[PDB]
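The block underneath contains the structure these notes are about, expressed in structure tokens.
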Amino acid sequence: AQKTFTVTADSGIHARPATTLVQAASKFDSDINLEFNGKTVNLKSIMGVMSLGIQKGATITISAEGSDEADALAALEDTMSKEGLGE
Amino acid sequence: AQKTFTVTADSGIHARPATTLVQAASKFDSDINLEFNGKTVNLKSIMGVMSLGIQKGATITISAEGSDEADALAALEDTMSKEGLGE
Amino acid sequence: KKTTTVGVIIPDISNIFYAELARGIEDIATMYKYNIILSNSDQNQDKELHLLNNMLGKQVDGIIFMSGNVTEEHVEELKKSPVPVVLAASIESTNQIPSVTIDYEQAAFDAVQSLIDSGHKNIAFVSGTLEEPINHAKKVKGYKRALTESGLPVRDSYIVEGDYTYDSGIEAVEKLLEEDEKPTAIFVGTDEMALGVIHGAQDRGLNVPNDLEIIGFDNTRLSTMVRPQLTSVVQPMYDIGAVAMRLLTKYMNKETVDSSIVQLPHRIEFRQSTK
Amino acid sequence: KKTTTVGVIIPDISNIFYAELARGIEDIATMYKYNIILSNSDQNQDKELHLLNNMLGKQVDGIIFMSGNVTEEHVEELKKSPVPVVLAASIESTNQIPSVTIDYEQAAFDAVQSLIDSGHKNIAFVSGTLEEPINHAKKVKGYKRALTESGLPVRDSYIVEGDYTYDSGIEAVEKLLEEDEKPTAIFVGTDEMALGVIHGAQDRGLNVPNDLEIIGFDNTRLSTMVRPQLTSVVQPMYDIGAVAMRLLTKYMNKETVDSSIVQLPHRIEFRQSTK
Ligand SMILES: O=P(O)(O)OC[C@H]1O[C@@H](O)[C@H](O)[C@@H](O)[C@@H]1O
Ligand SMILES: O=P(O)(O)OC[C@H]1O[C@@H](O)[C@H](O)[C@@H](O)[C@@H]1O
């Protein structure tokens with residue numbers, strides 16, 4: 001119901017690669033969130049995700065709760081590396 | 001009915017400073033033209049003026065023929081230096 | 001009644017700074033099925049105020065406004081607007097108009113503080129047009145506050161204003177180098193000017209960061225297109241435009257808004273212009 | 001029936017190159033009382049074709065299209081459009097669709113020719129995505145033609161492709177420097193890449209222009225924000241957008257059109273990256 005990564009993107013989770021990671025989680029039914037520095041937000045929210053300011057080298061944990069958990073989590077893990085964000 | 005200048009602008013007569021010189025001549029009634037390298041065009045035309053590609057250091061001669069010649073020519077001489085194009 | 005198209009007023013789209021914010025806005029508008037009507041104002045209050053009517057007179061579901069100087073008169077007309085208006089990378093003291101930015105004053109302070117923590121006592125500030133509130137009200141104050149809190153002098157000859165152009169950056173270092181007590185570090189309020197400051201100093205033969213450390217602001221792509229690579233305060237241009245648009249879609253679609261005053265996180269990317 | 005607003009499709013507004021063209025378009029649209037609906041496509045043919053309908057489906061008096069690859073399919077749909085369409089800084093072989101650009105092939109040639117006239121025999125070319133016709137159909141050919149006409153070899157290992165990013169510029173010089181017969185001059189198809197080529201070579205210790213002369217393309221503001229200052233082929237980005245818009249207002253208002261195929265003058269700004 002979740003996976004953890006280390007952001008490799010030098011720009012961290014921001015700009016288009018962040019709009020892309022949001023777009024992706026939004027294509028699901030489950031409830032996807034982002035855990036960072038002890039703060040969890042809705043991975044389907046632009047403001048939420050961008051209000052965290054996740055820099056490079058940080059550790060994050062995307063969680064999924066719904067009828068398509070593994071699918072969301074797996075698709076996002078694919079987006080994570082497809083976008084060079086982390087793994 | 002006309003004045004001659006030497007373009008000082010390093011960018012020559014292009015971009016916004018060229019759109020400005022066009023805008024200015026267009027605010028008159030007379031017939032304003034630009035003489036360059038043996039080519040004359042309507043100083044009220046964007047395509048015409050930009051099709052000449054007037055670089056820095058070139059010599060040009062703006063001409064005016066109408067009921068407000070001196071006014072156009074004088075206002076343009078003011079625009080010429082106001083825009084750092086030449087004198 | 002509604003067109004699903006928002007209008008955006010911007011000083012100059014050709015400036016990398018504003019072009020970056022525009023891309024974020026545009027991306028999010030697209031995401032939420034909106035259209036944008038971009039218009040350049042060139043920091044002309046008259047043009048700016050006029051362009052406001054135009055957009056409203058073309059009935060747009062929203063307005064994103066950007067400007068180096070949001071005056072009382074601007075605020076008055078913006079409060080009158082029939083549709084939600086969100087300010088991007090711009091500020092007005094009363095906070096009556098929604099806006100998305102970063103904590104400029106705090107970011108300037110952190111920047112200078114790191115130069116002080118590095119052993120610098122003579123630190124200058126090359127600023128953009130001092131008239132613009134982000135400069136005199138925030139960046140300058142953050143710079144001064146970092147100085148006073150460390151019990152350092154706050155000399156006005158150590159603050160020279162540029163005009164955001166790379167050349168003003170050059171002219172600024174030369175003027176600063178004419179000072180008897182030469183600064184050892186320089187905080188520049190913009191990346192483009194910081195490149196001019198770096199070059200103007202290398203042309204004078206000094207070495208960055210050995211003879212002079214430098215820090216810029218915005219962390220644009222120019223920061224990595226210099227040698228040494230510019231240490232720069234990070235302002236997420238794209239996020240600011242993106243989030244300012246999202247905030248706008250919240251007002252437009254009447255969603256739950258936590259705050260109309262948003263300050264995204266900022267940090268400093270340390271590279272080579274600092275030790 | 002008519003809205004007095006033209007739609008503009010662009011790969012990426014945050015890129016200084018396109019941001020410059022947009023400012024010219026916007027200025028002229030303003031001059032002729034038009035509104036613009038900007039939309040980013042990111043060089044995605046699917047996105048591009050889709051955005052075409054959108055604009056038409058919102059009834060616009062015109063369309064200015066920009067793209068690195070205007071394919072036969074693009075041309076087909078553009079000919080079908082009910083409104084005047086003008087291509088800016090983009091090309092399609094048949095010339096059936098109006099367009100404003102410069103003579104790319106001739107400009108690449110002049111660039112290389114000046115390097116040959118300077119005594120260079122081993123001249124390379126760092127290019128952008130080779131798939132895009134402006135590159136393989138024009139810039140490359142102009143580069144090759146300058147070589148053959150002077151009776152010089154046309155080696156394919158002397159042509160490396162970048163992706164327009166400053167980093168690819170760096171990677172390109174290193175690859176070119178791995179060659180046994182080192183090039184003495186390098187023509188880069190874009191200013192941003194040329195900066196990377198200049199830096200990548202200075203990081204390898206070589207001196208520009210003594211060990212290696214370089215020439216870029218576009219003459220953006222980056223050309224003067226480098227040391228040495230980049231010699232660059234001049235493409236009037238703003239004029240191209242401005243004139244492409246004017247040409248469009250001529251078609252829209254049914255005025256007299258001399259030619260729908262326009263090539264603005266180009267020249268070379270010689271600075272310090274060349275001797
Ligand atoms: O992108 P750069 O070169 O850092 O420039 C950014 C600056 O550009 C200026 O034009 C704006 O007025 C400033 O507010 C902005 O910070
Ligand atoms: O502005 P610069 O850095 O020279 O880059 C211009 C280039 O930018 C690229 O993104 C475009 O695909 C090219 O067609 C264009 O020439």
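Each chain of the structure tokens is named A, B, ... in the order shown, its residues numbered from 1; ligands are numbered from 1 in display order.
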Check: So which residues touch residue A:81 within 12 Å, counting only C-alpha atoms, skipping near sequence neighbours fewer than 2 positions away, as number ranges by chain?
Finding: A: 5-9, 17, 20-21, 74-79, 83-87
Problem - Selection near residue A:46, 12 Å with only C-alpha atoms, sequence-local residues under 5 positions removed, as a ChimeraX atom specification - result: /A:13-26,34,41,51-53 /C:24-25,27-29,31-32,238-247,249-250,264
List as a CSV table (one decimal) with N, CA, C and O atoms, in the first residue's frame the protein and nucleic acid residues lying within 9 Å of ligand 2, with only C-alpha atoms and all ligand atoms counted.
```
chain,number,residue,atom,x,y,z
D,11,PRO,N,5.8,25.3,-28.9
D,11,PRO,CA,6.4,24.1,-28.2
D,11,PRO,C,6.5,24.4,-26.7
D,11,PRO,O,6.0,23.6,-25.9
D,12,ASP,N,7.2,25.4,-26.3
D,12,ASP,CA,7.5,25.8,-24.9
D,12,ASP,C,7.8,27.2,-24.7
D,12,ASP,O,8.9,27.7,-24.9
D,15,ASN,N,11.0,28.7,-23.0
D,15,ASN,CA,12.3,28.7,-23.7
D,15,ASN,C,12.5,30.1,-24.3
D,15,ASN,O,11.6,30.6,-25.0
D,16,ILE,N,13.6,30.8,-23.9
D,16,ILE,CA,13.9,32.1,-24.3
D,16,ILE,C,13.7,32.3,-25.9
D,16,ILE,O,13.2,33.3,-26.3
D,17,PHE,N,14.0,31.3,-26.6
D,17,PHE,CA,13.9,31.3,-28.1
D,17,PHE,C,12.4,31.6,-28.4
D,17,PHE,O,12.1,32.5,-29.1
D,18,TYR,N,11.5,30.7,-27.9
D,18,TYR,CA,10.0,30.9,-28.2
D,18,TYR,C,9.4,32.1,-27.5
D,18,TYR,O,8.5,32.7,-28.0
D,20,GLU,N,10.8,34.9,-27.0
D,20,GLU,CA,11.1,36.1,-27.8
D,20,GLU,C,10.2,36.2,-29.0
D,20,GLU,O,9.7,37.3,-29.2
D,43,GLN,N,6.4,20.1,-28.6
D,43,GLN,CA,6.8,19.3,-29.7
D,43,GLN,C,6.1,17.9,-29.8
D,43,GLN,O,6.7,16.9,-30.2
D,67,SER,N,6.7,25.0,-34.6
D,67,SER,CA,7.0,23.6,-34.3
D,67,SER,C,8.3,23.2,-35.0
D,67,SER,O,8.7,23.8,-36.0
D,68,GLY,N,9.0,22.3,-34.3
D,68,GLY,CA,10.3,21.8,-34.8
D,68,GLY,C,10.1,20.8,-35.9
D,68,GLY,O,11.0,20.5,-36.7
D,89,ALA,N,9.1,30.7,-37.6
D,89,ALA,CA,10.4,30.0,-37.4
D,89,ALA,C,10.2,28.5,-37.5
D,89,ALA,O,10.9,27.7,-36.8
D,90,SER,N,9.4,28.0,-38.5
D,90,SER,CA,9.2,26.6,-38.7
D,90,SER,C,9.1,26.5,-40.3
D,90,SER,O,8.7,27.4,-41.0
D,128,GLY,N,21.2,20.6,-33.2
D,128,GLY,CA,20.0,20.2,-32.3
D,128,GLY,C,19.4,18.9,-32.9
D,128,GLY,O,20.0,18.4,-33.9
D,129,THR,N,18.4,18.4,-32.3
D,129,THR,CA,17.7,17.2,-32.8
D,129,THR,C,17.7,17.1,-34.3
D,129,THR,O,17.0,17.9,-35.0
D,132,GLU,N,14.5,17.2,-36.8
D,132,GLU,CA,13.8,18.4,-37.2
D,132,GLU,C,14.4,19.0,-38.5
D,132,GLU,O,15.6,19.3,-38.6
D,134,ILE,N,14.7,21.8,-40.0
D,134,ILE,CA,15.6,23.0,-40.0
D,134,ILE,C,17.0,22.5,-39.8
D,134,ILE,O,17.9,23.2,-40.3
D,135,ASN,N,17.2,21.4,-39.1
D,135,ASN,CA,18.5,20.9,-38.8
D,135,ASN,C,19.0,20.1,-39.9
D,135,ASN,O,20.0,20.5,-40.6
D,163,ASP,N,20.6,18.4,-27.8
D,163,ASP,CA,19.1,18.4,-27.7
D,163,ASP,C,18.7,19.8,-27.3
D,163,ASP,O,17.6,20.0,-26.6
D,164,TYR,N,19.5,20.8,-27.6
D,164,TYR,CA,19.3,22.2,-27.3
D,164,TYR,C,19.6,22.7,-25.9
D,164,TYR,O,19.6,23.9,-25.6
D,165,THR,N,19.9,21.7,-25.1
D,165,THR,CA,20.2,22.1,-23.7
D,165,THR,C,21.7,22.4,-23.6
D,165,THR,O,22.5,21.9,-24.3
D,166,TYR,N,22.0,23.3,-22.6
D,166,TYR,CA,23.3,23.7,-22.3
D,166,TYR,C,24.3,22.6,-22.0
D,166,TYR,O,25.4,22.6,-22.4
D,189,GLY,N,24.4,25.0,-33.6
D,189,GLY,CA,23.1,25.4,-34.1
D,189,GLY,C,22.2,26.2,-33.1
D,189,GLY,O,21.1,26.5,-33.5
D,190,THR,N,22.8,26.6,-32.0
D,190,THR,CA,21.9,27.3,-31.0
D,190,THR,C,22.8,27.9,-30.0
D,190,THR,O,23.8,27.3,-29.6
D,191,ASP,N,22.5,29.1,-29.5
D,191,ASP,CA,23.3,29.8,-28.5
D,191,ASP,C,23.5,29.1,-27.2
D,191,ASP,O,24.6,29.1,-26.6
D,192,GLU,N,22.4,28.5,-26.7
D,192,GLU,CA,22.5,27.8,-25.4
D,192,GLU,C,23.5,26.7,-25.5
D,192,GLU,O,24.3,26.5,-24.5
D,193,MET,N,23.5,25.9,-26.6
D,193,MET,CA,24.4,24.8,-26.7
D,193,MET,C,25.8,25.4,-26.9
D,193,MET,O,26.8,24.8,-26.5
D,194,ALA,N,25.9,26.5,-27.6
D,194,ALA,CA,27.2,27.1,-27.9
D,194,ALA,C,27.9,27.5,-26.5
D,194,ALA,O,29.1,27.5,-26.4
D,195,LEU,N,27.1,27.9,-25.6
D,195,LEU,CA,27.7,28.3,-24.3
D,195,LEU,C,28.2,27.0,-23.6
D,195,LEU,O,29.3,27.0,-23.0
D,216,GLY,N,27.7,30.6,-32.8
D,216,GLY,CA,26.4,30.1,-32.4
D,216,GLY,C,25.3,30.5,-33.4
D,216,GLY,O,25.6,31.0,-34.4
D,217,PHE,N,24.0,30.3,-33.0
D,217,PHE,CA,22.9,30.7,-33.9
D,217,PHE,C,21.8,31.2,-33.1
D,217,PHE,O,21.3,30.6,-32.1
D,218,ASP,N,21.2,32.4,-33.6
D,218,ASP,CA,20.1,33.1,-33.0
D,218,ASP,C,20.4,34.4,-32.5
D,218,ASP,O,19.6,35.3,-32.5
D,219,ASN,N,21.6,34.5,-31.9
D,219,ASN,CA,22.1,35.8,-31.3
D,219,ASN,C,21.1,36.2,-30.2
D,219,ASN,O,20.7,37.4,-30.2
D,220,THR,N,20.8,35.3,-29.3
D,220,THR,CA,19.9,35.6,-28.2
D,220,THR,C,20.8,36.5,-27.2
D,220,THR,O,21.9,36.9,-27.5
D,221,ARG,N,20.2,36.8,-26.1
D,221,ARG,CA,20.9,37.6,-25.1
D,221,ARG,C,22.0,36.8,-24.4
D,221,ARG,O,23.0,37.4,-23.9
D,222,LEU,N,22.0,35.5,-24.5
D,222,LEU,CA,23.0,34.6,-24.0
D,222,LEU,C,24.4,34.9,-24.6
D,222,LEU,O,25.4,34.7,-24.0
D,223,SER,N,24.4,35.3,-25.9
D,223,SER,CA,25.6,35.6,-26.6
D,223,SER,C,26.5,36.6,-26.0
D,223,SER,O,27.7,36.6,-26.2
```
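By only C-alpha atoms, and with residues fewer than 4 positions from residue C:151 along its chain excluded, the set lying at most 12 Å from it is residues 113, 116, 121, 122, 144, 145, 146 and 147 of chain C.
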Residue selection dump (C-alpha atoms) as a PDB file, in the first residue's frame:
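Below you can see out.pdb, which holds the result:
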```
ATOM      1  CA  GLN C 113      23.439  35.282   6.731  1.00  0.00           C
ATOM      2  CA  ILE C 116      28.217  36.248   7.278  1.00  0.00           C
ATOM      3  CA  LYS C 121      31.898  41.521   7.266  1.00  0.00           C
ATOM      4  CA  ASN C 122      31.796  43.748   4.164  1.00  0.00           C
ATOM      5  CA  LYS C 144      19.888  44.929   6.239  1.00  0.00           C
ATOM      6  CA  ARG C 145      18.357  42.798   9.002  1.00  0.00           C
ATOM      7  CA  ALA C 146      20.966  40.101   8.481  1.00  0.00           C
ATOM      8  CA  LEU C 147      23.612  42.779   8.885  1.00  0.00           C
TER       9      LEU C 147
END
```
request  = Would you kindly return, as a list in words, each protein, DNA or RNA residue with an atom no farther than 12 Å from any atom of residue D:94, considering only C-alpha atoms and excluding same-chain residues fewer than 2 positions away?
outcome  =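 So the residues in contact are residues 70, 71, 72, 75, 76, 79, 91, 92, 96, 97, 98, 99 and 261 of chain D.
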Within chain B, find each residue whose DSSP state, derived from the backbone, is alpha helix (DSSP H), and express the selection as a compact mmCIF listing (two decimals) with N, CA, C and O atoms, in the first residue's frame.
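As a result, out_15.txt now contains:
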```
# COMPACT_ATOMS: atom_id res chain seq x y z
N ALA B 15 13.25 44.56 -33.53
CA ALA B 15 12.48 44.31 -32.33
C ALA B 15 11.65 45.50 -31.90
O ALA B 15 11.32 46.36 -32.71
N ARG B 16 11.32 45.55 -30.61
CA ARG B 16 10.51 46.63 -30.06
C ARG B 16 10.92 48.04 -30.49
O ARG B 16 10.07 48.83 -30.86
N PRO B 17 12.22 48.37 -30.45
CA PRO B 17 12.59 49.72 -30.87
C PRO B 17 12.19 49.99 -32.33
O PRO B 17 12.11 51.14 -32.76
N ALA B 18 11.96 48.93 -33.09
CA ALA B 18 11.54 49.07 -34.48
C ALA B 18 10.02 49.17 -34.51
O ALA B 18 9.45 49.86 -35.35
N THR B 19 9.36 48.49 -33.58
CA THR B 19 7.91 48.55 -33.52
C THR B 19 7.52 49.94 -33.03
O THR B 19 6.47 50.46 -33.37
N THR B 20 8.41 50.53 -32.23
CA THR B 20 8.18 51.86 -31.69
C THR B 20 8.34 52.93 -32.78
O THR B 20 7.56 53.87 -32.86
N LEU B 21 9.36 52.78 -33.62
CA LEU B 21 9.60 53.74 -34.67
C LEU B 21 8.50 53.67 -35.71
O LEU B 21 8.21 54.67 -36.36
N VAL B 22 7.89 52.50 -35.86
CA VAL B 22 6.80 52.31 -36.81
C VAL B 22 5.56 52.98 -36.24
O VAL B 22 4.91 53.78 -36.92
N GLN B 23 5.25 52.63 -34.99
CA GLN B 23 4.11 53.18 -34.27
C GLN B 23 4.10 54.71 -34.42
O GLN B 23 3.07 55.31 -34.76
N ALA B 24 5.25 55.31 -34.17
CA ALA B 24 5.43 56.76 -34.24
C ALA B 24 5.10 57.35 -35.61
O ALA B 24 4.29 58.27 -35.70
N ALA B 25 5.73 56.86 -36.67
CA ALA B 25 5.45 57.39 -38.00
C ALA B 25 3.98 57.21 -38.36
O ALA B 25 3.41 58.04 -39.07
N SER B 26 3.37 56.12 -37.88
CA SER B 26 1.97 55.82 -38.16
C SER B 26 1.00 56.84 -37.57
O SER B 26 -0.15 56.94 -38.02
N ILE B 46 5.35 47.41 -40.69
CA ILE B 46 6.18 46.49 -39.90
C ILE B 46 7.01 45.59 -40.82
O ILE B 46 8.23 45.53 -40.69
N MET B 47 6.35 44.90 -41.75
CA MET B 47 7.03 44.01 -42.69
C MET B 47 8.06 44.74 -43.53
O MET B 47 9.18 44.28 -43.71
N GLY B 48 7.66 45.89 -44.07
CA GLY B 48 8.58 46.65 -44.88
C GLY B 48 9.81 47.02 -44.08
O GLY B 48 10.92 46.67 -44.47
N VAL B 49 9.62 47.70 -42.96
CA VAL B 49 10.74 48.11 -42.12
C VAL B 49 11.61 46.93 -41.64
O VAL B 49 12.83 47.01 -41.62
N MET B 50 10.98 45.82 -41.26
CA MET B 50 11.75 44.68 -40.78
C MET B 50 12.37 43.84 -41.89
O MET B 50 13.25 43.03 -41.63
N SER B 51 11.93 44.04 -43.13
CA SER B 51 12.46 43.29 -44.27
C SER B 51 13.77 43.88 -44.77
O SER B 51 14.45 43.29 -45.59
N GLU B 69 4.37 67.31 -42.56
CA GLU B 69 5.75 66.88 -42.79
C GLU B 69 6.70 67.17 -41.64
O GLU B 69 7.16 66.25 -40.96
N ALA B 70 7.01 68.45 -41.44
CA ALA B 70 7.92 68.87 -40.38
C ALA B 70 7.57 68.27 -39.02
O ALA B 70 8.46 67.96 -38.23
N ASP B 71 6.28 68.12 -38.75
CA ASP B 71 5.84 67.56 -37.47
C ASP B 71 6.23 66.09 -37.38
O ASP B 71 6.75 65.64 -36.35
N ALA B 72 5.97 65.34 -38.44
CA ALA B 72 6.30 63.92 -38.47
C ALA B 72 7.82 63.78 -38.36
O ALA B 72 8.32 63.12 -37.45
N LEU B 73 8.53 64.42 -39.28
CA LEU B 73 9.99 64.39 -39.32
C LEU B 73 10.64 64.81 -38.01
O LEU B 73 11.66 64.26 -37.60
N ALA B 74 10.05 65.80 -37.35
CA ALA B 74 10.60 66.29 -36.08
C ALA B 74 10.30 65.32 -34.94
O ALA B 74 11.14 65.09 -34.08
N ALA B 75 9.09 64.76 -34.94
CA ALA B 75 8.67 63.82 -33.91
C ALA B 75 9.48 62.53 -34.02
O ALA B 75 9.81 61.89 -33.01
N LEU B 76 9.80 62.14 -35.26
CA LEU B 76 10.56 60.94 -35.52
C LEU B 76 12.03 61.13 -35.14
O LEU B 76 12.68 60.19 -34.68
N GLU B 77 12.55 62.34 -35.34
CA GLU B 77 13.94 62.63 -34.98
C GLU B 77 14.04 62.54 -33.47
O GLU B 77 15.09 62.20 -32.92
N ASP B 78 12.94 62.85 -32.81
CA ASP B 78 12.86 62.82 -31.36
C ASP B 78 12.77 61.36 -30.91
O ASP B 78 13.32 60.98 -29.88
N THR B 79 12.07 60.56 -31.71
CA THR B 79 11.90 59.14 -31.42
C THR B 79 13.22 58.42 -31.71
O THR B 79 13.62 57.49 -31.01
N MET B 80 13.90 58.89 -32.74
CA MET B 80 15.18 58.32 -33.14
C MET B 80 16.15 58.30 -31.96
O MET B 80 16.75 57.26 -31.67
N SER B 81 16.30 59.44 -31.28
CA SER B 81 17.20 59.55 -30.13
C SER B 81 16.55 59.08 -28.83
O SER B 81 17.23 58.56 -27.94
N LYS B 82 15.24 59.27 -28.71
CA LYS B 82 14.51 58.85 -27.52
C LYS B 82 14.64 57.33 -27.40
O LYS B 82 14.68 56.78 -26.30
```
For chain C, list the residues within 7 Å of chain D, counting only C-alpha atoms, and write the list as a PDB file with N, CA, C and O atoms, in the first residue's frame.
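Just written: selection.pdb:
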```pdb
ATOM      1  N   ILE C  13       6.783  39.059 -21.441  1.00  0.00           N
ATOM      2  CA  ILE C  13       6.874  37.632 -21.696  1.00  0.00           C
ATOM      3  C   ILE C  13       8.236  37.130 -22.200  1.00  0.00           C
ATOM      4  O   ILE C  13       8.558  35.951 -22.031  1.00  0.00           O
ATOM      5  N   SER C  14       9.032  38.004 -22.819  1.00  0.00           N
ATOM      6  CA  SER C  14      10.350  37.610 -23.329  1.00  0.00           C
ATOM      7  C   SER C  14      11.385  37.489 -22.213  1.00  0.00           C
ATOM      8  O   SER C  14      12.469  36.985 -22.450  1.00  0.00           O
ATOM      9  N   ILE C  16      12.985  35.695 -19.354  1.00  0.00           N
ATOM     10  CA  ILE C  16      13.024  34.323 -18.832  1.00  0.00           C
ATOM     11  C   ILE C  16      12.259  34.192 -17.503  1.00  0.00           C
ATOM     12  O   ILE C  16      11.540  33.214 -17.288  1.00  0.00           O
ATOM     13  N   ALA C  19       8.594  34.395 -18.388  1.00  0.00           N
ATOM     14  CA  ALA C  19       8.298  33.297 -19.303  1.00  0.00           C
ATOM     15  C   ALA C  19       8.165  32.000 -18.517  1.00  0.00           C
ATOM     16  O   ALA C  19       7.369  31.126 -18.869  1.00  0.00           O
ATOM     17  N   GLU C  20       8.944  31.874 -17.446  1.00  0.00           N
ATOM     18  CA  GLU C  20       8.894  30.676 -16.611  1.00  0.00           C
ATOM     19  C   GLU C  20       7.570  30.614 -15.846  1.00  0.00           C
ATOM     20  O   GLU C  20       6.929  29.571 -15.780  1.00  0.00           O
ATOM     21  N   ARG C  23       4.675  29.597 -18.151  1.00  0.00           N
ATOM     22  CA  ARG C  23       4.606  28.169 -18.466  1.00  0.00           C
ATOM     23  C   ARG C  23       3.878  27.393 -17.363  1.00  0.00           C
ATOM     24  O   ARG C  23       3.122  26.461 -17.645  1.00  0.00           O
ATOM     25  N   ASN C  35      -8.403  28.472 -20.760  1.00  0.00           N
ATOM     26  CA  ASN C  35      -7.663  29.106 -21.849  1.00  0.00           C
ATOM     27  C   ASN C  35      -7.061  30.367 -21.265  1.00  0.00           C
ATOM     28  O   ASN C  35      -7.627  30.936 -20.338  1.00  0.00           O
ATOM     29  N   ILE C  36      -5.929  30.813 -21.797  1.00  0.00           N
ATOM     30  CA  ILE C  36      -5.301  32.023 -21.286  1.00  0.00           C
ATOM     31  C   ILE C  36      -5.142  33.099 -22.349  1.00  0.00           C
ATOM     32  O   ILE C  36      -4.855  32.815 -23.510  1.00  0.00           O
ATOM     33  N   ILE C  37      -5.341  34.341 -21.932  1.00  0.00           N
ATOM     34  CA  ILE C  37      -5.196  35.488 -22.807  1.00  0.00           C
ATOM     35  C   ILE C  37      -4.064  36.305 -22.201  1.00  0.00           C
ATOM     36  O   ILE C  37      -4.273  37.105 -21.288  1.00  0.00           O
ATOM     37  N   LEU C  38      -2.860  36.084 -22.708  1.00  0.00           N
ATOM     38  CA  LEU C  38      -1.679  36.776 -22.223  1.00  0.00           C
ATOM     39  C   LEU C  38      -1.559  38.181 -22.815  1.00  0.00           C
ATOM     40  O   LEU C  38      -1.925  38.412 -23.966  1.00  0.00           O
TER      41      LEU C  38
END
```
What is the atom CA of residue C:102-atom CA of residue C:230 distance in Å, reported with one decimal?
->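 These two atoms are separated by 20.0 Å.
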Using only C-alpha atoms, the best pick from D:274, D:181, D:259, D:6 as closest to chain B would be D:259
ask   = Among chain B, which residues carry a DSSP assignment of strand (DSSP E or B), reported as a PyMOL selection string?
value = chain B and resi 2-7+13+31-36+39-42+54+59-65+86
Include N, CA and C atoms and write out the residues we just selected as a compact mmCIF listing (two decimals), in the first residue's frame.
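Once everything was written out, this is part_5.txt:
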```txt
# COMPACT_ATOMS: atom_id res chain seq x y z
N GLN B 2 12.82 65.85 -44.98
CA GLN B 2 13.58 64.64 -44.64
C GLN B 2 14.83 64.89 -43.80
N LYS B 3 15.28 63.85 -43.11
CA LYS B 3 16.47 63.91 -42.27
C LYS B 3 17.26 62.61 -42.40
N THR B 4 18.57 62.70 -42.26
CA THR B 4 19.43 61.52 -42.37
C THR B 4 20.11 61.21 -41.04
N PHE B 5 20.26 59.92 -40.74
CA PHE B 5 20.89 59.50 -39.50
C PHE B 5 21.85 58.34 -39.70
N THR B 6 22.56 58.03 -38.63
CA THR B 6 23.49 56.91 -38.58
C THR B 6 22.97 56.13 -37.38
N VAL B 7 22.59 54.88 -37.60
CA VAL B 7 22.06 54.06 -36.52
C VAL B 7 23.14 53.71 -35.50
N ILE B 13 17.89 48.62 -36.25
CA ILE B 13 16.46 48.89 -36.24
C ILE B 13 15.69 47.58 -36.26
N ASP B 31 3.38 61.11 -45.76
CA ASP B 31 3.84 59.82 -46.23
C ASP B 31 5.30 59.69 -45.83
N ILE B 32 5.53 58.89 -44.79
CA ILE B 32 6.87 58.69 -44.28
C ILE B 32 7.49 57.43 -44.84
N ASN B 33 8.72 57.55 -45.32
CA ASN B 33 9.44 56.42 -45.87
C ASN B 33 10.83 56.34 -45.27
N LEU B 34 11.46 55.18 -45.45
CA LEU B 34 12.80 54.93 -44.96
C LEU B 34 13.68 54.58 -46.15
N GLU B 35 14.80 55.29 -46.27
CA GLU B 35 15.74 55.08 -47.36
C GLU B 35 16.96 54.38 -46.78
N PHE B 36 17.29 53.21 -47.32
CA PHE B 36 18.43 52.44 -46.85
C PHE B 36 19.08 51.59 -47.95
N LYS B 39 17.24 51.52 -50.95
CA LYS B 39 15.91 50.91 -50.88
C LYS B 39 15.01 51.76 -49.99
N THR B 40 13.84 52.11 -50.51
CA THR B 40 12.88 52.93 -49.77
C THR B 40 11.62 52.13 -49.43
N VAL B 41 11.17 52.25 -48.19
CA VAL B 41 9.98 51.54 -47.74
C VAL B 41 9.09 52.45 -46.91
N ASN B 42 7.86 52.01 -46.67
CA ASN B 42 6.92 52.77 -45.88
C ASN B 42 7.24 52.58 -44.40
N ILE B 54 18.08 46.59 -40.99
CA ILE B 54 19.03 47.67 -40.84
C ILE B 54 19.92 47.46 -39.63
N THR B 59 23.52 53.97 -42.64
CA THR B 59 23.00 55.33 -42.82
C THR B 59 21.62 55.25 -43.45
N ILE B 60 20.65 55.89 -42.81
CA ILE B 60 19.28 55.89 -43.30
C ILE B 60 18.74 57.30 -43.45
N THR B 61 17.71 57.45 -44.27
CA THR B 61 17.09 58.75 -44.50
C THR B 61 15.57 58.65 -44.50
N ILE B 62 14.97 59.12 -43.41
CA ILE B 62 13.52 59.11 -43.28
C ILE B 62 12.95 60.34 -44.01
N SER B 63 11.97 60.10 -44.87
CA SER B 63 11.36 61.19 -45.63
C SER B 63 9.88 61.35 -45.28
N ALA B 64 9.38 62.58 -45.43
CA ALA B 64 7.99 62.89 -45.13
C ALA B 64 7.35 63.77 -46.21
N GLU B 65 6.15 63.39 -46.64
CA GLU B 65 5.41 64.13 -47.66
C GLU B 65 3.94 64.20 -47.29
N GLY B 86 19.48 56.35 -33.31
CA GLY B 86 20.55 57.06 -33.98
C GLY B 86 20.31 58.56 -34.09
```
